[PDB]
Each structure stands twice: as structure tokens, then as C-alpha cells.
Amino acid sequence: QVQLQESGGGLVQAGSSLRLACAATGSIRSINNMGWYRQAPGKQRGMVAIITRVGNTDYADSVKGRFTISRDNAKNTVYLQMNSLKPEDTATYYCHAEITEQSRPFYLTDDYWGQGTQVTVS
């Protein structure tokens, strides 16, 4: 009874900027790491950016300096500010989170993924 949901995707032009959001909902007790990943047709899924509960970040070399990952612990939401969009950025963007469900007697996490949002850069 836990869900991740991405939003803010769409069809945009090269050089434009876009903001993605991913909200963790349901029977959440706690969240550790959260991150943004992407997969393009024919290509394998790969990390874009990750963020710890403390707010420490890491970026794939291809997006560093263009994209920023941020986190709001009160809303259990992770954001991806994408600037200077390139046609190579066209992909389905997926959100991940390490989550401790409420019905678990211990501080243990399970990996959850969102359904994904398409980002098409013209």
C-alpha cells in the first residue's frame, strides 16, 4: 500500500527547462535514498541523479551542471529541475525510493519505483 508517482513530463523544445516531481504516498513510515533514472528506447535504464535523506546528491556525468535534484521530506517528494534540455534527454523518467512501510516491525526498506513520465525534447 505504497506508491511513487511522477509528474511534470511532456513535449518540449531543445534548450528549454522542465521540472519533474515524484511524490511518495501510502503507508510510509520512513524514506532513505530517492532518485531519478531514465530509459530511452533500445537503451538500458540508468541513473540521472540521487539524493539521500540528509540531502547529499550525485549526478550522472551527462546531466551534471544542467539538472538539479532536490528533496522535501515533509512532503516525501523528490524533484528534478532540468535545464538546458538536449534531444539526448528524450526518455521515460523513473523515480525510485527506499521505503519502510508502516506494517513492518523493524527499520527495514524495500525498493519502490514509479510508473514513469515521458520527457520528449524537440
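In this text, residue numbers run from 1 along the sequence as written.
For the pair 102-110 and 15-23, the record assigns the higher mean C-alpha temperature factor to 102-110. Just going by the entry, 41-49 versus 57-65 on mean CA temperature factor gives the higher value to 41-49. Across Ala91, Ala97, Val78, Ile28, the entry's maximum B-factor at the CA atom is seen for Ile28. The entry lists a Cα temperature factor for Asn83 that places it in the middle third of the chain's modelled residues. When the modelled residues of the chain are ordered by their C-alpha B factor, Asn73 lands in the highest third.
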